[PDB]
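First the structure, in the form of structure tokens, and then the observations on it.
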Amino acid sequence: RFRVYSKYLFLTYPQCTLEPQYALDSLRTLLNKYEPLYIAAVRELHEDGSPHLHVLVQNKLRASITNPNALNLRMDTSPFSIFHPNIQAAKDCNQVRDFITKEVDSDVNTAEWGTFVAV
DNA sequence: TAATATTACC
Ligand SMILES: [Mn+2]
Ligand SMILES: [Mn+2]
Ligand SMILES: [Mn+2]
Ligand SMILES: [Mn+2]
């Protein structure tokens with residue numbers, strides 16, 4: 001059993017090179033039932049570590065995630081890997097956003113959509 | 001928490 005019920009989600013996809021814009025657009029539709037209001041997606045590359053993606057999602061309605069694989073994403077080129085995330089309820093949207101945007105290596109590895117919600 | 005995995009607010 002896996003359950004998280006929150007308007008605010010913090011996702012981390014380890015060992016994942018997905019372009020942030022395409023991950024964002026895909027999570028917008030997977031979460032469309034909860035009316036996403038803001039999403040930030042960041043692809044983190046750094047010389048001595050594994051590449052990964054973080055996503056912050058702020059929804060209008062409380063998301064009900066009861067399947068741990070509900071936000072899995074598949075890349076559209078060989079080897080067609082499936083990326084499974086760590087899913088969490090965000091304790092502090094401002095701290096999550098600061099953490100993931102301060103880690104990034106360049107502004108080209110960040111994607112944003114919507115208006116940031118002052119929680 | 002599962003289920004990716006060393007990556008995941010603090
Ligand atoms: Mn990171
Ligand atoms: Mn586990
Ligand atoms: Mn493992
Ligand atoms: Mn952890």
Side-chain angles (χ1 to χ4, degrees), chain A residues 2 4-6 8-18 20 22-32 34 36-46 48-52 54-59 61-74 76-90 92-97 99-101 103-104 109-119:
Chain A
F2 180 84
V4 50
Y5 298 94
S6 174
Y8 308 117
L9 300 166
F10 175 25
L11 321 175
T12 300
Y13 294 80
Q15 287 282 6
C16 168
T17 56
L18 228 44
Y22 298 142
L24 187 154
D25 289 348
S26 289
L27 291 161
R28 237 181 97 181
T29 170
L30 290 186
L31 292 164
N32 67 347
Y34 315 112
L37 296 172
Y38 175 82
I39 305 171
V42 177
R43 182 167 59 177
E44 320 276 12
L45 320 169
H46 197 97
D48 247 0
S50 65
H52 57 283
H54 300 291
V55 191
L56 171 65
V57 186
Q58 296 180 308
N59 297 291
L61 308 175
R62 209 187 190 207
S64 302
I65 303 172
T66 63
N67 161 21
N69 298 328
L71 305 171
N72 284 12
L73 295 172
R74 188 162 212 152
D76 64 341
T77 70
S78 187
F80 295 98
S81 301
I82 292 171
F83 302 103
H84 169 73
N86 180 253
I87 299 164
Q88 297 186 41
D92 188 316
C93 284
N94 298 318
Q95 290 189 332
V96 174
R97 191 185 181 278
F99 179 83
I100 70 180
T101 60
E103 181 184 14
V104 82
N109 278 303
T110 302
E112 284 178 87
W113 167 90
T115 304
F116 190 58
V117 173
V119 180

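Atoms considered below: every heavy atom in the structure, side chains included; atoms not considered: hydrogens, waters and symmetry mates. The chains referred to below are lettered A, B, ... by the order of the sequence lines, with proteins before strands, and numbering in each begins at 1.
Taking atom CG on A:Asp48 and atom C1' on B:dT6, their separation rounds to 13 Å, with Å as the unit. Distance, A:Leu56 CG to B:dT7 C1': 17 Å, rounded to whole Å. Rounded to whole angstrom, the span from the CZ atom of A:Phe99 across to the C1' atom of B:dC9 amounts to 7 Å. One can place NE2 of A:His46 at 12 Å from P of B:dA8, the figure rounded to the nearest angstrom. One interatomic measurement links the two molecules: CD1 of A:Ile87 to P of B:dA2, which rounds to 12 Å at whole-angstrom precision. In this structure, A:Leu9 places its CG atom 15 Å from P of B:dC9, rounding to the nearest Å. Atom CZ in A:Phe2 sits about 13 Å away from atom P in B:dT4, given to the nearest Å. At whole-Å resolution of the value, CD in A:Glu103 and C1' in B:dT7 are 9 Å apart.
Picking from B:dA8, B:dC10, B:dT4 the nucleotide with the shortest atom distance to the side chain of A:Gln95 gives B:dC10. Comparing atom distances between the A:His84 side chain and each of B:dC9, B:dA5, B:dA2 picks out B:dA2 as nearest.
Contact check, A:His52 against B:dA5: no side-chain N or O comes under 4.0 Å of OP1 or OP2. Applying the 4.0 Å criterion to OP1 and OP2 of B:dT7, one finds that A:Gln15 has every side-chain N and O outside that range.
Qualifying side chain to side chain contact (heavy atoms under 4.5 Å, CB included) partners for A:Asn69, counting only residues two or more places apart in sequence or in other chains: A:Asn67, A:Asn72, A:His84.
Taking atom P on both nucleotides, B:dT7 is separated from B:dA3 by 22 Å, rounded to a whole Å. The same atom, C1', is picked in B:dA2 and in B:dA8; the two are 13 Å apart, to the nearest Å.
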I'd like to know whether A:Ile65 forms a side-chain contact (heavy atoms from CB on, under 4.5 Å) with A:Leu9, so could you lay out the CA-CA distance, the side-chain angles of the two residues, the decisive distance to 0.1 Å, and finally the verdict. CA-CA 10 Å; A:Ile65 303 172; A:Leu9 300 166; 3.8 Å; yes
Worked check of side-chain contact (heavy atoms from CB on, under 4.5 Å) between A:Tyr8 and A:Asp92: CA-CA 9 Å; A:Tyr8 308 117; A:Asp92 188 316; over 6 Å; no
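Applying the 3.5 Å distance criterion, the base of B:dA2 shares no donor-acceptor pair with the side chain of A:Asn69.
A donor-acceptor pair under 3.5 Å is absent between the side-chain atoms of A:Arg43 and the main chain of A:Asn109, judged by distance alone. Remark: the backbone N or O of A:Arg62 is not paired with any side-chain donor or acceptor of A:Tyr5 at under 3.5 angstrom.
B:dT4 is paired with B:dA8 under the Watson-Crick or G-U wobble criterion, all donor-acceptor distances under 3.5 Å.
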